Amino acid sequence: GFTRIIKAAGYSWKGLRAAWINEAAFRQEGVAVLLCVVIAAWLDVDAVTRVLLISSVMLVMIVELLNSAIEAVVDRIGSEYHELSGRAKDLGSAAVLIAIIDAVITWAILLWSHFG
C-alpha cells in the first residue's frame, strides 16, 4: 500500500524535473508560485486568508501540470495538424488561464482588503 506511494512519488519528481528542465516559462512560473507561498507564509493575516493565498497559486501549478500532461499526450499522438489536437490544447490552455486570473484577482482582493 505504501509501495504504491513510493512509486508514485518517483513519477511525480520526474514530472516536476522534466517540466523544469524543458521550459524557462515553467521555471519562472515556479519561481512566482514559490515567492507567493513564502510571502503568504510570512504575511500578517488570519489563517483562512493565508490558505486562500497559498491554495490559489498552488492551483495554478496543478492545472499547469495537468494541462502539460494533455499536451504531451497530444504530441505523442503525433506532430500532425488535427482539429481535435488543436481543440484539446485550446481547452487546456483556457483552463490554465482561468486558474491564473483567479489567483491574481484573489491576491488583489485579499491584499487590498488587508490594506497592506
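Note that residue numbering begins at 1 and tracks the sequence as displayed. The term rigid core refers to the maximal set of C-alpha atoms that superpose within 1.5 Å between the two forms.
Once the rigid core is used to overlay the structures in 4 other deposited structures of this protein, the stretch among 47 to 55 and 31 to 39 whose CA atoms lie farther from this form is 31 to 39.
The stretch 33 to 41 shows the higher mean C-alpha B-factor when 33 to 41 is compared against 53 to 61 in the entry. If you average the C-alpha B-factors over 42 to 50 and over 65 to 73, the higher value belongs to 42 to 50. Sorting the modelled residues of the chain by their CA temperature factor places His82 in the highest third. Sorting the modelled residues of the chain by their CA temperature factor places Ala108 in the highest third.
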